[PDB]
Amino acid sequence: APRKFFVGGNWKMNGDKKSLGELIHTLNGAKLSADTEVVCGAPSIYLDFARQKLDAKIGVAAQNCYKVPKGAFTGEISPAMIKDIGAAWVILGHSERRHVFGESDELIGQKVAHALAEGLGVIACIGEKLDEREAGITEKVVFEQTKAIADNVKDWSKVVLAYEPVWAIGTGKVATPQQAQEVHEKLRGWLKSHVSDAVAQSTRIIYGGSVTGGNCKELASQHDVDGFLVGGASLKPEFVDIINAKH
């Protein structure tokens, strides 16, 4: 019945071996709630190193992958490679991929289908831009993004949806608890009606966008917020407090 609370840290394009080493030591030595599923998204060049150093209860995620196992795609990595080094998750459809690197809903869907077929878990990101929210079409936008993912998902047990409003990512402008709840509730209703009641009730829908130690507890108390995707604060000691937001 109860969805396990989920906190992912997305380190983005940050770190070197020595500074990530220090972060990993802090996380390994910290008291992390046993009721939180924790996943760290490391830059591709440090995925191996991170999986080797992190305690086994912390999952490792890649920050992107491509949509076939192998081939003539200079610069890309595939789900087979991610699994080879022992990572169990991949983040797909991140806002930075969609808006800086031009990844379309079609390509993201194809990535989701492929990562799931290869046995990875997927954190699939959706979210509206500021102009979209101000025009009052948030629902339309997130439903459309969600549909593009859902059309490529057979088994939902390994999917986490991350609602991250683009205007809240890296800016410090966090969504209010009520803004986040309204969207998660609607998304969960979308799952009920377009997939099944059982998938709606078991799928984690996490919030991301300027989550800090200072604001996480009120966010986490909302009934449809199942955890967080944390960027900037995942590089700080306060990541520990976010993992422990329900305690």
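Don't overthink the numbering: it's just position in the shown sequence, from 1.
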If you average the Cα B factors in the entry, which is higher, 204-212 or 182-190? 182-190
Given 154-162 and 76-84, the range whose Cα B-factors average higher in the PDB entry: 154-162
Hey, out of 39, 45, 195, 62, whose CA B-factor is highest in the deposited coordinates? 195
Between 237, 15, 232, 227, which carries the biggest CA temperature factor in the record? 237
Chain-relative CA temperature factor third for residue 31: highest
Going by the CA temperature factor in the PDB record, which third of the chain does residue 243 belong to: lowest, middle or highest? middle
Residue 136: which third of its chain by C-alpha temperature factor? highest
Among the modelled residues of its chain, does the C-alpha B-factor of residue 147 lie in the lowest, middle or highest third? highest
Ranked against its chain, the third holding the CA B-factor of residue 94: lowest
